[PDB]
Amino acid sequence: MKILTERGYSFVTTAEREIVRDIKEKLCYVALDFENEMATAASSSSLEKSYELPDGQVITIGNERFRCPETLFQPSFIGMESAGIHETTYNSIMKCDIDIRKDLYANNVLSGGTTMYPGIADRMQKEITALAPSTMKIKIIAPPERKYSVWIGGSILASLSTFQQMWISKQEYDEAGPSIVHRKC
Amino acid sequence: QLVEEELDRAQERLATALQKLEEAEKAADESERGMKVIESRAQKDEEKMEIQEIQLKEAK
Ligand SMILES: Nc1ncnc2c1ncn2[C@@H]1O[C@H](COP(=O)(O)OP(=O)(O)O)[C@@H](O)[C@H]1O
């Protein structure tokens, strides 16, 4: 919403925020190499696509398409101090015991909606490969339905027979108070 | 006789005009049908083209 104002389009309402969310879900992708992608978009106009708001009024966006999700890898674009998702993944790995991180390097599982951009698995693998030692096999696992992985796994879990003793019954709550939840389960 | 001759001649010509209008609106209907099917086809083709071009992008 903030980066689209430099082309003239101004979305300020909450409804317009929903419109911009739809634009993001339809036109944005992750660039494998950000710098030369930027130079390419500057040179030609083959990256420009068009979107039609729900009153006519087509809008055309250029390098915004990949500048929007690039923030995941350079969170300094929005004034945050953290590191990109590739770097926090690598740090979380390197915070684990040296014997399991070879098997962690090869089972990076992606989940949730924000991991649905075209080309995010390739960029992620490139970055982690550049960070990790040159002997490990980096494998990014990105299922085609990863937007509902949490719900699917939750149904699998709640269906297990060995899980039917892990519920928090009403009686346990009546005994222990709301603090039952984290104190035991 | 001028009154009644203008009357019935203009009336039958008005009938011909309304039939021409019905023909014109049916032409509008068929043209609109062609337009809608063709634009839907264009939409499908364009979205598939975009999928395939980005697939070549990732592949290469
Ligand atoms: N195809 C897509 N491409 C890019 N982003 C998407 C896509 N689909 C959803 N999103 C983003 O994912 C978010 C919703 O994802 P979701 O996993 O449902 O989050 P939550 O689990 O918190 O509800 C939205 O903010 C939207 O911007």
# chains A, B, ... in the order shown; residues from 1 in each chain; ligands from 1

$ residues_near_ligand --ligand "ligand 1" --cutoff "6 Å" --atoms "only C-alpha atoms and all ligand atoms" --output "PyMOL selection string"
chain A and resi 21+25+112-114+116-117+147

$ write_last_selection --atoms "N, CA, C and O atoms" --output "PDB file, in the first residue's frame"
ATOM      1  N   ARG A  21      -4.498  -6.425  -0.766  1.00  0.00           N
ATOM      2  CA  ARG A  21      -4.185  -7.811  -0.447  1.00  0.00           C
ATOM      3  C   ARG A  21      -4.453  -8.715  -1.637  1.00  0.00           C
ATOM      4  O   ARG A  21      -3.682  -9.639  -1.913  1.00  0.00           O
ATOM      5  N   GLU A  25      -1.794 -11.099  -3.637  1.00  0.00           N
ATOM      6  CA  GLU A  25      -1.955 -12.524  -3.876  1.00  0.00           C
ATOM      7  C   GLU A  25      -1.973 -12.877  -5.353  1.00  0.00           C
ATOM      8  O   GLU A  25      -1.781 -14.046  -5.691  1.00  0.00           O
ATOM      9  N   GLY A 112       1.990 -22.150   5.723  1.00  0.00           N
ATOM     10  CA  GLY A 112       1.293 -20.888   5.815  1.00  0.00           C
ATOM     11  C   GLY A 112       1.152 -20.188   4.479  1.00  0.00           C
ATOM     12  O   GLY A 112       1.782 -20.529   3.483  1.00  0.00           O
ATOM     13  N   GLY A 113       0.311 -19.158   4.479  1.00  0.00           N
ATOM     14  CA  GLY A 113      -0.019 -18.486   3.236  1.00  0.00           C
ATOM     15  C   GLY A 113       1.101 -17.620   2.696  1.00  0.00           C
ATOM     16  O   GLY A 113       1.317 -17.563   1.487  1.00  0.00           O
ATOM     17  N   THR A 114       1.822 -16.929   3.572  1.00  0.00           N
ATOM     18  CA  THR A 114       2.861 -16.021   3.104  1.00  0.00           C
ATOM     19  C   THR A 114       4.026 -16.743   2.445  1.00  0.00           C
ATOM     20  O   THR A 114       4.899 -16.089   1.873  1.00  0.00           O
ATOM     21  N   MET A 116       3.576 -18.668  -0.134  1.00  0.00           N
ATOM     22  CA  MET A 116       2.958 -19.112  -1.368  1.00  0.00           C
ATOM     23  C   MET A 116       3.391 -18.308  -2.579  1.00  0.00           C
ATOM     24  O   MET A 116       2.859 -18.527  -3.667  1.00  0.00           O
ATOM     25  N   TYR A 117       4.337 -17.394  -2.431  1.00  0.00           N
ATOM     26  CA  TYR A 117       4.787 -16.621  -3.570  1.00  0.00           C
ATOM     27  C   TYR A 117       5.507 -17.516  -4.571  1.00  0.00           C
ATOM     28  O   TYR A 117       6.201 -18.456  -4.188  1.00  0.00           O
ATOM     29  N   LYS A 147      -0.855 -24.029   2.343  1.00  0.00           N
ATOM     30  CA  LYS A 147      -1.632 -22.993   3.002  1.00  0.00           C
ATOM     31  C   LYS A 147      -2.552 -23.559   4.072  1.00  0.00           C
ATOM     32  O   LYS A 147      -2.982 -22.816   4.955  1.00  0.00           O
TER      33      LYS A 147
END

$ interface_residues --of "chain B" --to "chain A" --cutoff "12 Å" --atoms "only C-alpha atoms" --output "CSV table (one decimal) with N, CA and C atoms, in the first residue's frame"
chain,number,residue,atom,x,y,z
B,46,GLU,N,-4.7,-16.3,-21.5
B,46,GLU,CA,-3.7,-15.4,-20.9
B,46,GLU,C,-3.2,-16.0,-19.6
B,47,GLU,N,-4.1,-16.4,-18.7
B,47,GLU,CA,-3.6,-16.9,-17.4
B,47,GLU,C,-2.7,-18.2,-17.6
B,50,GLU,N,0.7,-17.0,-18.7
B,50,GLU,CA,1.4,-16.5,-17.6
B,50,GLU,C,2.0,-17.6,-16.7
B,51,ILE,N,1.2,-18.6,-16.4
B,51,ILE,CA,1.7,-19.8,-15.6
B,51,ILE,C,2.9,-20.4,-16.4
B,53,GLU,N,5.0,-19.1,-18.7
B,53,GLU,CA,6.1,-18.3,-18.8
B,53,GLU,C,6.9,-18.2,-17.4
B,54,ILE,N,6.1,-18.1,-16.3
B,54,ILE,CA,6.8,-18.1,-15.0
B,54,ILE,C,7.4,-19.5,-14.8
B,55,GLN,N,6.8,-20.5,-15.3
B,55,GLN,CA,7.4,-21.9,-15.1
B,55,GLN,C,8.7,-22.0,-15.9
B,56,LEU,N,8.8,-21.5,-17.1
B,56,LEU,CA,10.0,-21.4,-17.8
B,56,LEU,C,11.1,-20.6,-17.0
B,57,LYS,N,10.6,-19.5,-16.5
B,57,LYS,CA,11.4,-18.6,-15.6
B,57,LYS,C,12.1,-19.5,-14.5
B,58,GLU,N,11.3,-20.1,-13.7
B,58,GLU,CA,11.8,-20.9,-12.6
B,58,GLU,C,12.7,-22.0,-13.1
B,59,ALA,N,12.3,-22.7,-14.2
B,59,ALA,CA,13.0,-23.9,-14.7
B,59,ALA,C,14.4,-23.5,-15.1
B,60,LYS,N,14.5,-22.5,-16.0
B,60,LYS,CA,15.8,-22.1,-16.4
B,60,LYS,C,16.7,-21.4,-15.3

$ atom_distance --atom1 "atom CA of residue A:5" --atom2 "atom CA of residue A:52"
16.5 Å

$ closest_residue --among "A:7, A:120, A:130, A:92" --to "residue A:72" --atoms "only C-alpha atoms"
A:120

$ residues_around --residues "residue A:47" --least-positions-apart "6" --cutoff "8 Å" --atoms "only C-alpha atoms" --output "list in words"
residues 41, 62 and 63 of chain A

$ atom_distance --atom1 "atom CA of residue A:45" --atom2 "atom CA of residue A:57"
20.1 Å

$ select_by_dssp --residues "stretch 2-171 of chain A" --states "helix (DSSP H, G or I)" --output "compact mmCIF listing (two decimals) with N, CA, C and O atoms, in the first residue's frame"
# COMPACT_ATOMS: atom_id res chain seq x y z
N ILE A 3 4.11 1.41 -1.11
CA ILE A 3 4.98 1.45 -2.28
C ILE A 3 4.21 1.72 -3.56
O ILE A 3 4.80 2.12 -4.56
N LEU A 4 2.89 1.52 -3.55
CA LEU A 4 2.09 1.81 -4.73
C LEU A 4 1.83 3.29 -4.92
O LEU A 4 1.41 3.69 -6.01
N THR A 5 2.05 4.11 -3.90
CA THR A 5 1.81 5.53 -4.05
C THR A 5 2.81 6.20 -4.97
O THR A 5 2.54 7.31 -5.45
N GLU A 6 3.95 5.58 -5.24
CA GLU A 6 4.89 6.22 -6.14
C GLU A 6 4.55 6.00 -7.60
O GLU A 6 5.30 6.45 -8.47
N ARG A 7 3.44 5.33 -7.90
CA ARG A 7 2.90 5.30 -9.24
C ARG A 7 1.62 6.09 -9.38
O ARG A 7 1.12 6.24 -10.49
N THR A 14 -9.76 0.70 4.74
CA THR A 14 -9.60 -0.72 5.04
C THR A 14 -10.08 -1.59 3.88
O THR A 14 -9.46 -2.61 3.55
N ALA A 15 -11.18 -1.19 3.23
CA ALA A 15 -11.60 -1.86 2.02
C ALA A 15 -10.51 -1.83 0.96
O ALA A 15 -10.25 -2.83 0.28
N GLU A 16 -9.84 -0.69 0.83
CA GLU A 16 -8.74 -0.62 -0.12
C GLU A 16 -7.58 -1.49 0.33
O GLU A 16 -6.83 -2.00 -0.51
N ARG A 17 -7.43 -1.70 1.63
CA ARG A 17 -6.42 -2.64 2.09
C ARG A 17 -6.75 -4.06 1.64
O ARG A 17 -5.85 -4.82 1.26
N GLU A 18 -8.03 -4.42 1.63
CA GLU A 18 -8.40 -5.73 1.09
C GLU A 18 -8.10 -5.81 -0.40
O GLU A 18 -7.63 -6.84 -0.89
N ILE A 19 -8.38 -4.74 -1.13
CA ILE A 19 -8.05 -4.72 -2.55
C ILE A 19 -6.56 -4.94 -2.76
O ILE A 19 -6.14 -5.71 -3.63
N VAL A 20 -5.73 -4.27 -1.96
CA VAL A 20 -4.29 -4.41 -2.12
C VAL A 20 -3.84 -5.81 -1.74
O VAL A 20 -2.90 -6.35 -2.32
N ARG A 21 -4.50 -6.42 -0.77
CA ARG A 21 -4.18 -7.81 -0.45
C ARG A 21 -4.45 -8.72 -1.64
O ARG A 21 -3.68 -9.64 -1.91
N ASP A 22 -5.54 -8.46 -2.36
CA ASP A 22 -5.81 -9.26 -3.55
C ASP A 22 -4.75 -9.03 -4.63
O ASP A 22 -4.30 -9.98 -5.29
N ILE A 23 -4.34 -7.78 -4.82
CA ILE A 23 -3.26 -7.50 -5.75
C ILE A 23 -2.01 -8.28 -5.37
O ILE A 23 -1.32 -8.85 -6.23
N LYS A 24 -1.70 -8.32 -4.07
CA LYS A 24 -0.52 -9.03 -3.60
C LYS A 24 -0.62 -10.52 -3.88
O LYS A 24 0.34 -11.14 -4.32
N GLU A 25 -1.79 -11.10 -3.64
CA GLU A 25 -1.96 -12.52 -3.88
C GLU A 25 -1.97 -12.88 -5.35
O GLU A 25 -1.78 -14.05 -5.69
N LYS A 26 -2.22 -11.92 -6.24
CA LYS A 26 -2.31 -12.26 -7.65
C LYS A 26 -1.10 -11.88 -8.49
O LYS A 26 -0.86 -12.53 -9.51
N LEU A 27 -0.33 -10.86 -8.12
CA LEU A 27 0.70 -10.36 -9.02
C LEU A 27 2.12 -10.42 -8.49
O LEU A 27 3.05 -10.14 -9.24
N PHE A 34 17.78 -10.33 -6.66
CA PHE A 34 17.02 -9.08 -6.56
C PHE A 34 17.64 -7.98 -7.40
O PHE A 34 16.92 -7.21 -8.04
N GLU A 35 18.97 -7.89 -7.42
CA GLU A 35 19.62 -6.75 -8.06
C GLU A 35 19.46 -6.78 -9.58
O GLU A 35 19.04 -5.79 -10.19
N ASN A 36 19.79 -7.91 -10.21
CA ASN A 36 19.66 -7.93 -11.66
C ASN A 36 18.21 -7.97 -12.09
O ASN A 36 17.88 -7.52 -13.18
N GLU A 37 17.32 -8.50 -11.24
CA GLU A 37 15.89 -8.36 -11.51
C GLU A 37 15.48 -6.90 -11.52
O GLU A 37 14.70 -6.47 -12.38
N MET A 38 15.99 -6.12 -10.57
CA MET A 38 15.73 -4.69 -10.55
C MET A 38 16.23 -4.03 -11.83
O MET A 38 15.53 -3.22 -12.45
N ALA A 39 17.45 -4.37 -12.24
CA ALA A 39 18.01 -3.77 -13.45
C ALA A 39 17.21 -4.18 -14.68
O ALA A 39 17.01 -3.37 -15.59
N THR A 40 16.75 -5.42 -14.73
CA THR A 40 15.93 -5.88 -15.85
C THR A 40 14.63 -5.12 -15.92
O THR A 40 14.23 -4.64 -16.99
N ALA A 41 13.93 -5.00 -14.79
CA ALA A 41 12.70 -4.22 -14.79
C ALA A 41 12.96 -2.78 -15.20
O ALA A 41 12.11 -2.16 -15.85
N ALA A 42 14.11 -2.23 -14.83
CA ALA A 42 14.44 -0.88 -15.26
C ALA A 42 14.68 -0.80 -16.76
O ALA A 42 14.35 0.21 -17.39
N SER A 43 15.25 -1.85 -17.35
CA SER A 43 15.62 -1.79 -18.76
C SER A 43 14.41 -1.95 -19.66
O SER A 43 14.05 -1.04 -20.41
N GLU A 64 7.30 -3.34 -8.33
CA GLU A 64 6.62 -3.57 -7.07
C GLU A 64 6.28 -5.04 -6.90
O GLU A 64 6.25 -5.54 -5.77
N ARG A 65 6.06 -5.74 -8.01
CA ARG A 65 5.68 -7.14 -7.96
C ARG A 65 6.63 -7.96 -7.11
O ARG A 65 6.20 -8.78 -6.31
N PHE A 66 7.93 -7.75 -7.28
CA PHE A 66 8.89 -8.48 -6.49
C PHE A 66 9.52 -7.66 -5.38
O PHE A 66 10.20 -8.23 -4.53
N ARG A 67 9.30 -6.35 -5.36
CA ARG A 67 9.75 -5.58 -4.21
C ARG A 67 8.87 -5.79 -2.99
O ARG A 67 9.34 -5.60 -1.87
N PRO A 69 7.34 -8.82 -1.76
CA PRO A 69 7.77 -9.96 -0.94
C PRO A 69 9.26 -10.01 -0.67
O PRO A 69 9.69 -10.82 0.16
N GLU A 70 10.06 -9.19 -1.34
CA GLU A 70 11.47 -9.10 -1.02
C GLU A 70 11.70 -8.67 0.42
O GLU A 70 12.76 -8.95 0.98
N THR A 71 10.72 -8.01 1.03
CA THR A 71 10.85 -7.59 2.41
C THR A 71 11.08 -8.77 3.34
O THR A 71 11.70 -8.62 4.39
N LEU A 72 10.61 -9.96 2.97
CA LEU A 72 10.83 -11.13 3.80
C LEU A 72 12.31 -11.45 3.93
O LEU A 72 12.73 -12.03 4.93
N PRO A 75 14.23 -7.36 5.77
CA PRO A 75 13.22 -6.68 6.59
C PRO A 75 13.58 -5.25 6.93
O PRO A 75 12.84 -4.57 7.64
N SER A 76 14.72 -4.77 6.43
CA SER A 76 15.07 -3.37 6.58
C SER A 76 14.26 -2.47 5.67
O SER A 76 14.31 -1.25 5.84
N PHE A 77 13.53 -3.03 4.70
CA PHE A 77 12.70 -2.21 3.84
C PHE A 77 11.56 -1.56 4.61
O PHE A 77 11.09 -0.49 4.22
N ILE A 78 11.10 -2.20 5.68
CA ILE A 78 10.06 -1.64 6.52
C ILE A 78 10.62 -1.16 7.85
O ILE A 78 9.89 -1.06 8.83
N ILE A 85 14.22 -14.20 6.41
CA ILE A 85 13.75 -15.50 6.86
C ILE A 85 14.79 -16.58 6.61
O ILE A 85 14.92 -17.53 7.40
N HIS A 86 15.57 -16.45 5.54
CA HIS A 86 16.66 -17.39 5.30
C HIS A 86 17.66 -17.36 6.44
O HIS A 86 18.10 -18.40 6.93
N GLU A 87 18.01 -16.16 6.90
CA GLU A 87 19.04 -16.05 7.92
C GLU A 87 18.53 -16.49 9.28
O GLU A 87 19.28 -17.10 10.04
N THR A 88 17.27 -16.22 9.62
CA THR A 88 16.77 -16.72 10.89
C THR A 88 16.59 -18.23 10.85
O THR A 88 16.78 -18.89 11.88
N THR A 89 16.25 -18.80 9.70
CA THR A 89 16.23 -20.25 9.58
C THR A 89 17.61 -20.83 9.83
O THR A 89 17.77 -21.78 10.60
N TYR A 90 18.62 -20.26 9.19
CA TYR A 90 19.98 -20.74 9.38
C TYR A 90 20.42 -20.59 10.83
O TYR A 90 21.09 -21.48 11.37
N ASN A 91 20.07 -19.48 11.48
CA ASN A 91 20.46 -19.30 12.87
C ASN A 91 19.77 -20.30 13.78
O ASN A 91 20.39 -20.86 14.68
N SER A 92 18.48 -20.54 13.56
CA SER A 92 17.78 -21.55 14.34
C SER A 92 18.41 -22.92 14.16
O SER A 92 18.48 -23.70 15.11
N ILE A 93 18.88 -23.22 12.95
CA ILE A 93 19.57 -24.49 12.74
C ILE A 93 20.87 -24.52 13.52
O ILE A 93 21.14 -25.46 14.27
N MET A 94 21.68 -23.48 13.38
CA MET A 94 22.99 -23.44 14.02
C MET A 94 22.89 -23.29 15.53
O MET A 94 23.90 -23.29 16.22
N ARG A 101 21.76 -31.23 12.94
CA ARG A 101 21.54 -30.17 11.98
C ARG A 101 21.78 -30.61 10.55
O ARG A 101 21.28 -29.96 9.63
N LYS A 102 22.45 -31.74 10.32
CA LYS A 102 22.51 -32.26 8.97
C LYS A 102 21.16 -32.77 8.51
O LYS A 102 20.82 -32.65 7.33
N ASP A 103 20.37 -33.34 9.41
CA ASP A 103 19.03 -33.78 9.06
C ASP A 103 18.03 -32.64 9.10
O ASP A 103 16.96 -32.75 8.49
N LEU A 104 18.35 -31.56 9.81
CA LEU A 104 17.53 -30.36 9.71
C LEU A 104 17.76 -29.63 8.40
O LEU A 104 16.83 -29.05 7.85
N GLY A 113 0.31 -19.16 4.48
CA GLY A 113 -0.02 -18.49 3.24
C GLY A 113 1.10 -17.62 2.70
O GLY A 113 1.32 -17.56 1.49
N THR A 114 1.82 -16.93 3.57
CA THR A 114 2.86 -16.02 3.10
C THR A 114 4.03 -16.74 2.44
O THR A 114 4.90 -16.09 1.87
N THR A 115 4.06 -18.07 2.50
CA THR A 115 5.06 -18.85 1.80
C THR A 115 4.56 -19.34 0.45
O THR A 115 5.06 -20.35 -0.05
N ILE A 120 9.59 -18.65 -4.08
CA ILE A 120 10.12 -18.45 -2.74
C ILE A 120 10.97 -19.64 -2.32
O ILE A 120 11.96 -19.46 -1.61
N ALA A 121 10.62 -20.85 -2.76
CA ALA A 121 11.43 -22.01 -2.43
C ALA A 121 12.79 -21.94 -3.10
O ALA A 121 13.81 -22.30 -2.50
N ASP A 122 12.85 -21.46 -4.34
CA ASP A 122 14.13 -21.37 -5.03
C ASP A 122 15.03 -20.34 -4.38
O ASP A 122 16.22 -20.60 -4.16
N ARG A 123 14.49 -19.16 -4.07
CA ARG A 123 15.30 -18.15 -3.40
C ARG A 123 15.74 -18.62 -2.03
O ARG A 123 16.89 -18.40 -1.63
N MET A 124 14.85 -19.28 -1.30
CA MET A 124 15.20 -19.79 0.02
C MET A 124 16.33 -20.79 -0.07
O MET A 124 17.29 -20.73 0.71
N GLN A 125 16.24 -21.73 -1.01
CA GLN A 125 17.29 -22.72 -1.16
C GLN A 125 18.60 -22.09 -1.57
O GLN A 125 19.66 -22.45 -1.06
N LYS A 126 18.56 -21.12 -2.48
CA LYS A 126 19.78 -20.43 -2.88
C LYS A 126 20.44 -19.75 -1.69
O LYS A 126 21.65 -19.87 -1.49
N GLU A 127 19.65 -19.06 -0.86
CA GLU A 127 20.23 -18.32 0.25
C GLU A 127 20.80 -19.25 1.31
O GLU A 127 21.93 -19.06 1.78
N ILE A 128 20.04 -20.28 1.69
CA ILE A 128 20.53 -21.19 2.72
C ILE A 128 21.74 -21.96 2.21
O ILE A 128 22.70 -22.19 2.95
N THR A 129 21.74 -22.36 0.93
CA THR A 129 22.91 -22.99 0.34
C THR A 129 24.12 -22.08 0.41
O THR A 129 25.23 -22.53 0.70
N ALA A 130 23.93 -20.79 0.15
CA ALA A 130 25.04 -19.86 0.26
C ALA A 130 25.53 -19.74 1.70
O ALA A 130 26.70 -19.46 1.92
N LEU A 131 24.65 -19.96 2.67
CA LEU A 131 25.07 -19.83 4.06
C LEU A 131 25.67 -21.11 4.63
O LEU A 131 26.71 -21.07 5.30
N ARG A 146 0.37 -26.10 1.02
CA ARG A 146 0.92 -25.72 2.31
C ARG A 146 0.14 -24.62 2.99
O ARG A 146 0.45 -24.30 4.14
N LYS A 147 -0.86 -24.03 2.34
CA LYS A 147 -1.63 -22.99 3.00
C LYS A 147 -2.55 -23.56 4.07
O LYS A 147 -2.98 -22.82 4.95
N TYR A 148 -2.85 -24.85 4.02
CA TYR A 148 -3.73 -25.49 4.99
C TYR A 148 -3.03 -26.59 5.76
O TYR A 148 -3.69 -27.48 6.31
N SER A 149 -1.70 -26.56 5.79
CA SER A 149 -0.95 -27.61 6.47
C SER A 149 -1.28 -27.66 7.94
O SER A 149 -1.39 -28.75 8.52
N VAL A 150 -1.44 -26.51 8.58
CA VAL A 150 -1.75 -26.50 10.00
C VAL A 150 -3.07 -27.19 10.27
O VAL A 150 -3.19 -28.00 11.18
N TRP A 151 -4.09 -26.88 9.46
CA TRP A 151 -5.38 -27.51 9.69
C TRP A 151 -5.33 -29.00 9.39
O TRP A 151 -5.91 -29.81 10.12
N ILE A 152 -4.65 -29.39 8.31
CA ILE A 152 -4.56 -30.81 7.98
C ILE A 152 -3.89 -31.57 9.11
O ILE A 152 -4.38 -32.61 9.57
N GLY A 153 -2.76 -31.06 9.59
CA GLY A 153 -2.08 -31.71 10.69
C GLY A 153 -2.91 -31.73 11.95
O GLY A 153 -2.86 -32.68 12.72
N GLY A 154 -3.68 -30.67 12.18
CA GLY A 154 -4.55 -30.66 13.34
C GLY A 154 -5.62 -31.72 13.28
O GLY A 154 -5.96 -32.32 14.29
N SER A 155 -6.18 -31.96 12.09
CA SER A 155 -7.18 -33.01 11.97
C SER A 155 -6.54 -34.38 12.17
O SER A 155 -7.11 -35.24 12.85
N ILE A 156 -5.37 -34.59 11.58
CA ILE A 156 -4.65 -35.85 11.81
C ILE A 156 -4.43 -36.06 13.30
O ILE A 156 -4.69 -37.15 13.83
N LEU A 157 -3.95 -35.03 13.99
CA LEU A 157 -3.69 -35.16 15.42
C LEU A 157 -4.96 -35.47 16.19
O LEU A 157 -5.01 -36.43 16.97
N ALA A 158 -6.00 -34.66 16.01
CA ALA A 158 -7.23 -34.88 16.74
C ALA A 158 -7.91 -36.19 16.38
O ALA A 158 -8.83 -36.60 17.10
N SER A 159 -7.50 -36.85 15.31
CA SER A 159 -8.08 -38.14 14.97
C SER A 159 -7.35 -39.32 15.60
O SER A 159 -7.89 -40.43 15.61
N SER A 161 -5.96 -42.16 17.98
CA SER A 161 -6.55 -42.83 19.13
C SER A 161 -5.76 -42.54 20.39
O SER A 161 -6.34 -42.35 21.47
N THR A 162 -4.44 -42.50 20.28
CA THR A 162 -3.60 -42.21 21.43
C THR A 162 -3.67 -40.77 21.89
O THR A 162 -3.01 -40.42 22.87
N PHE A 163 -4.45 -39.93 21.21
CA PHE A 163 -4.60 -38.54 21.61
C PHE A 163 -5.79 -38.31 22.52
O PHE A 163 -5.83 -37.30 23.22
N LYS A 170 -13.74 -30.96 30.86
CA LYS A 170 -14.40 -29.91 31.61
C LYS A 170 -14.15 -30.05 33.11
O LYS A 170 -14.03 -29.04 33.81
N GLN A 171 -14.04 -31.28 33.59
CA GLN A 171 -13.85 -31.50 35.02
C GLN A 171 -12.47 -31.05 35.48
O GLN A 171 -12.32 -30.47 36.56

$ select_by_dssp --residues "stretch 8-112 of chain A" --states "strand (DSSP E or B)" --output "PyMOL selection string"
chain A and resi 49-52+54+56+58-61+108-109

$ write_last_selection --atoms "N, CA, C and O atoms" --output "PDB file, in the first residue's frame"
ATOM      1  N   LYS A  49       2.613  -6.020 -15.350  1.00  0.00           N
ATOM      2  CA  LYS A  49       1.301  -6.612 -15.512  1.00  0.00           C
ATOM      3  C   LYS A  49       0.252  -5.584 -15.137  1.00  0.00           C
ATOM      4  O   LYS A  49       0.559  -4.522 -14.598  1.00  0.00           O
ATOM      5  N   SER A  50      -0.999  -5.905 -15.428  1.00  0.00           N
ATOM      6  CA  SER A  50      -2.108  -5.003 -15.178  1.00  0.00           C
ATOM      7  C   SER A  50      -3.146  -5.690 -14.314  1.00  0.00           C
ATOM      8  O   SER A  50      -3.344  -6.902 -14.406  1.00  0.00           O
ATOM      9  N   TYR A  51      -3.797  -4.906 -13.475  1.00  0.00           N
ATOM     10  CA  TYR A  51      -4.846  -5.379 -12.595  1.00  0.00           C
ATOM     11  C   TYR A  51      -6.002  -4.402 -12.690  1.00  0.00           C
ATOM     12  O   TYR A  51      -5.795  -3.200 -12.850  1.00  0.00           O
ATOM     13  N   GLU A  52      -7.218  -4.917 -12.599  1.00  0.00           N
ATOM     14  CA  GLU A  52      -8.412  -4.099 -12.754  1.00  0.00           C
ATOM     15  C   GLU A  52      -9.148  -4.052 -11.426  1.00  0.00           C
ATOM     16  O   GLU A  52      -9.667  -5.071 -10.964  1.00  0.00           O
ATOM     17  N   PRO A  54     -12.155  -3.030  -8.691  1.00  0.00           N
ATOM     18  CA  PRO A  54     -13.558  -3.389  -8.906  1.00  0.00           C
ATOM     19  C   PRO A  54     -14.431  -2.201  -9.255  1.00  0.00           C
ATOM     20  O   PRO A  54     -15.578  -2.114  -8.812  1.00  0.00           O
ATOM     21  N   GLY A  56     -13.498  -0.808 -12.743  1.00  0.00           N
ATOM     22  CA  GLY A  56     -12.710  -0.426 -13.895  1.00  0.00           C
ATOM     23  C   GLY A  56     -11.366   0.053 -13.402  1.00  0.00           C
ATOM     24  O   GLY A  56     -10.866  -0.475 -12.409  1.00  0.00           O
ATOM     25  N   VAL A  58      -7.970   0.151 -14.561  1.00  0.00           N
ATOM     26  CA  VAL A  58      -6.835  -0.759 -14.544  1.00  0.00           C
ATOM     27  C   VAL A  58      -5.611  -0.035 -14.005  1.00  0.00           C
ATOM     28  O   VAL A  58      -5.416   1.163 -14.239  1.00  0.00           O
ATOM     29  N   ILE A  59      -4.793  -0.758 -13.255  1.00  0.00           N
ATOM     30  CA  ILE A  59      -3.518  -0.253 -12.772  1.00  0.00           C
ATOM     31  C   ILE A  59      -2.436  -1.214 -13.226  1.00  0.00           C
ATOM     32  O   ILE A  59      -2.667  -2.420 -13.350  1.00  0.00           O
ATOM     33  N   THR A  60      -1.254  -0.676 -13.497  1.00  0.00           N
ATOM     34  CA  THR A  60      -0.124  -1.472 -13.947  1.00  0.00           C
ATOM     35  C   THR A  60       1.034  -1.277 -12.987  1.00  0.00           C
ATOM     36  O   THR A  60       1.383  -0.142 -12.656  1.00  0.00           O
ATOM     37  N   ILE A  61       1.626  -2.379 -12.546  1.00  0.00           N
ATOM     38  CA  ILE A  61       2.732  -2.333 -11.605  1.00  0.00           C
ATOM     39  C   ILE A  61       3.939  -3.014 -12.224  1.00  0.00           C
ATOM     40  O   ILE A  61       3.815  -3.946 -13.020  1.00  0.00           O
ATOM     41  N   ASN A 108      13.668 -28.593   5.532  1.00  0.00           N
ATOM     42  CA  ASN A 108      13.029 -27.298   5.725  1.00  0.00           C
ATOM     43  C   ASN A 108      11.619 -27.359   5.166  1.00  0.00           C
ATOM     44  O   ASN A 108      11.428 -27.349   3.949  1.00  0.00           O
ATOM     45  N   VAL A 109      10.630 -27.419   6.043  1.00  0.00           N
ATOM     46  CA  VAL A 109       9.233 -27.509   5.650  1.00  0.00           C
ATOM     47  C   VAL A 109       8.640 -26.112   5.658  1.00  0.00           C
ATOM     48  O   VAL A 109       8.754 -25.391   6.651  1.00  0.00           O
TER      49      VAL A 109
END

$ atom_distance --atom1 "atom CA of residue A:9" --atom2 "atom CA of residue A:28"
16.7 Å

$ residues_around --residues "stretch 176-185 of chain A" --least-positions-apart "6" --cutoff "12 Å" --atoms "only C-alpha atoms" --output "PyMOL selection string"
chain A and resi 163+165-170

$ write_last_selection --atoms "C-alpha atoms" --output "mmCIF file, in the first residue's frame"
data_model
loop_
_atom_site.group_PDB
_atom_site.id
_atom_site.type_symbol
_atom_site.label_atom_id
_atom_site.label_comp_id
_atom_site.auth_asym_id
_atom_site.auth_seq_id
_atom_site.Cartn_x
_atom_site.Cartn_y
_atom_site.Cartn_z
ATOM 1 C CA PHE A 163 -4.597 -38.541 21.610
ATOM 2 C CA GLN A 165 -6.346 -38.853 26.692
ATOM 3 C CA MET A 166 -4.651 -35.513 25.972
ATOM 4 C CA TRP A 167 -7.868 -33.476 25.953
ATOM 5 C CA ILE A 168 -8.542 -31.045 28.788
ATOM 6 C CA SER A 169 -11.855 -32.281 30.132
ATOM 7 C CA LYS A 170 -14.405 -29.908 31.615
#
